[PDB]
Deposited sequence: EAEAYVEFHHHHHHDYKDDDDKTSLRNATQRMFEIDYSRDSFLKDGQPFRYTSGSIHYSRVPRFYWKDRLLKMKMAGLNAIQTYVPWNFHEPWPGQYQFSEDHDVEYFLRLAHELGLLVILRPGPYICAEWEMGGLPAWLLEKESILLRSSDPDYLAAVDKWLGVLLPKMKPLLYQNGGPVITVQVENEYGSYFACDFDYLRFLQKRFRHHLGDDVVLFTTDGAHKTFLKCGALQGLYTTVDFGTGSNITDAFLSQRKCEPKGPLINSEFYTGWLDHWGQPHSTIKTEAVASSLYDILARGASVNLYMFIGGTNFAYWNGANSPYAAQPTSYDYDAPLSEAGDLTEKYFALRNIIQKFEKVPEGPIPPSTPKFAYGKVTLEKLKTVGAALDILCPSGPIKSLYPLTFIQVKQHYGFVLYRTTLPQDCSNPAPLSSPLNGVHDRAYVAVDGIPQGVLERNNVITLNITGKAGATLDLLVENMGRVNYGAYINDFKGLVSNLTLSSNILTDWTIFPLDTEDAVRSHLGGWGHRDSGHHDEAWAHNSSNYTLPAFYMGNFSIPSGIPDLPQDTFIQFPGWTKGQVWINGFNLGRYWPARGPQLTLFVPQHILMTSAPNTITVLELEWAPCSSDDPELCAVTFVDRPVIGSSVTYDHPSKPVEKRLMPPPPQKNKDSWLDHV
C-alpha cells in the first residue's frame, strides 16, 4: 500500500508515512525528442532533483476530435515510465490549458469551430470537449499514480486560472470533480497562481491545494505569505521558480544570472519548501508548436529559456551551480554525469529551388479549394497550423498602385502577397495593414497567410488565424475567394509528389541533399543549421519539421538539429520553404545554401 498525502499538522508532505519535500525541474516531453528523453531525465537526476514536472498539451494528443496521438514522441505514458524507472517522482500538469509558450496554451484549435466559445469557462461546449479529453487521458494516468505503483505524486488543475478574466468557479469545480472521478480521492490535486492575492482570488478552490509561482525578482517571504493566506497549513510550494525566461522574435534573448538563480534557490530550500525549477531543460518548439503573447508577439523556435540544461541538453555553468546548491540540502547521486552531446559542423550544403508554392497547389491541396464570397478563417477551412493560400481576381485595373488593405487589422498573422506571380510584399498583423499593388484587371491576387502561433496567455487565446475580416482594394470589399488549405507536411514528405505516395521573391521550396558516412561510430552527431542570406521560413530535414527560421529578426540565428533524424549512406534531404527573399537568383549557386555549425547562436543581435 503506497501513500502520498499532505500532512496539514506538520506543514509537510508524507510519502509512505514519512516526511517529504521535492526539488523538481520542469521538462516538457513535447519539446525534447523521445530519442533524448532518458539523456535529459538522467542529467536531471544527477543534479539532485528527486522529481520532475511536465505539462500535457491537449492539442499535442488530440489534433482532431477523437483522433489521438500517444506513440513515439507523443507517448506520455512511456516518458512517465522512464522517469519512474530512473527513480524520479512526477508532478503532472495536464491543464487542460497549460499556457507554457505553446500554441493556444495547449488548447486544440478545433474548439474554435464554435466561434463564440468562451474558453476556460463553464461554456457547455468547452466543458463537453474537456470532459471527453479527460475520459481519454486520466484513465491512462491512473496506474501511473504513486498510490498505484507509478511516479505521479501531485496533479495540477488548470494553470494560473487566477490570471484569466473570466473567474468561473463552476469550471474549476467541474475540473475537480472529473479529475476525482478518474483518478480517485487520495491523489493530491493542486493549483498554481502568481503570488499575490489579486491572482489567488480567482485561482484558488476549496479541495485544491494552493501553490504559487515566483522567480528571482520576488521577495520570498512575501510570496510564501501570500501562499499561507490561502493555505495556512501544509507545505510551502513554488511550482515555477524561474531559472530563466521566455523570448520573442525581434527582442533580445532573455537570460537570468546564475548567481541570482542559485541564491534564491538556496533561500527557498532553506525554508523546507518544495520547489520546481521552470525550466530545467526547455528544449525546442518543433513544427508550429510555439505560442504568442498579446499584443501579438510570437515566441521563437528555441525554447532554450536560459535553462540549466541548454536547448540540446548541455550541462552549463548554471547546471553545476544549482547542483551545488542542492548538495547543501540533499544527497546527490554519485558517479559521472552523462555528457553534453558532441556537435558536428557538417558545413555548407547547396539548395535549389524546386517549385514555387503557387506551382505546388495540386500537391499541397489535393482535394481542391473552398469557395467563398468573403474570406474564411483557418478554422472554417479545417486547417489549424501552417499556411493557407487565399486567391481572388483584381476587379479593376491597377496599373497605378492601388491600396490593398485589411481595415480591421484582420491579417492574422502575416501574408505574402503576389499578383500574377509578381511578389508585392507583406501585410502584417498590427504593423502594416495596407500594401500597394499593381497588376491588370483580372490578374490573380494571392495571399499566402501564416499562422505565427496562437496566443497562449491573456484574454485573446481565441485566436482564429487567417484572413479573419475583409480585404479592401481602393476601399471596396474584395469578394469571391478561392481558399487552399496547404498540406505542407505531406507535400514535404513526398518531395512535392516526386517520391510518389507509398525586395521579395515568391514563396517557394528549396531542396538539397548531404550524405554522411556509415560505419563511423561517432556520426551522425547533433548539429545546428543556420541560414545566412535567407529571410523567413520553415525548414525540414528528411521530412522532420525543425521549425521556423527568421535571421532577419533574431535573436535566434541557428536551429537545433538532433542526430536521430539524420541518416547514413542514404542522402539527407533538406527542405526550406522561404517566404520572403531567397539568396538564389544570381548565377552564384554557392549563395543558395545553408550551413551546419557546431555552436548555437540564440543570443546575437
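According to the record, C-alpha coordinates are lacking for deposited residues 1-29, 532-545, 649-678.
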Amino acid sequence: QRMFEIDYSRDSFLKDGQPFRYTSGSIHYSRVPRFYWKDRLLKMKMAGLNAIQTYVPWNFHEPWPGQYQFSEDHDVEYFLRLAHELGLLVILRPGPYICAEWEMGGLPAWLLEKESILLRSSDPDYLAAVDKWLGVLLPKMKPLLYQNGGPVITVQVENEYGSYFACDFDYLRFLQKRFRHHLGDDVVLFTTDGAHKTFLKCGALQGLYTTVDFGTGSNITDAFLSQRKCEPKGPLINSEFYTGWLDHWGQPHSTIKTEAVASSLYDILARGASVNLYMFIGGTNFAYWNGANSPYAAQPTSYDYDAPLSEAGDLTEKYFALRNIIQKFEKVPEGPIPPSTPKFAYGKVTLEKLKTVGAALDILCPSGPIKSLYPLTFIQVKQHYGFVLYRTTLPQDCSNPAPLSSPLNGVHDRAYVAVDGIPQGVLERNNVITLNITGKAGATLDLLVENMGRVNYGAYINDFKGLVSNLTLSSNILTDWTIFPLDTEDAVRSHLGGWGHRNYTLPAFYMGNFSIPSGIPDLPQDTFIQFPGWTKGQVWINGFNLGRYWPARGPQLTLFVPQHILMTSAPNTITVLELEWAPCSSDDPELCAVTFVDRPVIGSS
From here on, numbers count along this sequence of modelled residues.
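Look at the C-alpha B-factors of 22-30 and of 65-73. On average they run higher in 65-73. Taking only CA atoms, the mean B-factor in the PDB entry is higher for 78-86 than for the other of 78-86 and 302-310. For the set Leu189, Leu315, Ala415, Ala359, the PDB entry assigns the largest Cα B-factor to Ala359.
Taking the deposited Cα B-factors for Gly453, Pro339, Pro401, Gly466, the highest one is held by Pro401.
Sort the modelled residues of the chain by CA B factor and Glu352 lands in the highest third. Per the PDB record, residue ranking by Cα B-factor puts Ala47 in the middle third of the chain.
The PDB entry assigns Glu101 a C-alpha temperature factor belonging to the lowest third of its chain's modelled residues. Sort the modelled residues of the chain by CA B factor and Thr434 lands in the middle third. For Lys382, the recorded CA B-factor ranks within the highest third of the chain. Only modelled residues enter the ranking.
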